[PDB]
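We begin with a single chain expressed as structure tokens, specifically the form deposited in one PDB entry.
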């Protein structure tokens, strides 16, 4: 049975104009900007950018890596695939 999303969860996160992208639910640092209500801070691997997304755009990495985890020509995507597989919890 699934729980709510929590910091450290590994996902593919979907944004307009981009393929489903390897990402994680980030923590929020002390003193850092907080997300809007019902949004999560999503750290995109490879690009290392953060956007605030709701669960409608968040897919579990393990369940969906066969579908979404293939190399892609988009900038940073293949670096992102390496990060989510090999050091997804590192400091970036």
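Residue numbers count along the first chain shown, from 1.
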Entries skipping residue 60: at least a third of other ones
no
Counting only other entries that model residues on either side, is residue 37 absent from the coordinates in at least a third?
no
With B-factors read from the PDB entry, the higher C-alpha mean of 5-13 and 71-79 is in 71-79
With reference to the PDB entry, specify whether the mean Cα temperature factor is higher for 42-50 or for 27-35.
27-35
By the entry's values, the third containing the CA B factor of residue 91 is the highest
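Missing here is the form deposited with a small molecule bound; even so, the following discussion is about that form.
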Suppose contact means a heavy atom within 4.5 Å; in the deposited complex, does that hold for all of 18, 21 and 47 with the small molecule?
yes
With heavy atoms only and a cut-off of 4.5 Å, decide whether residue 51 touches the small molecule in the deposited complex.
yes
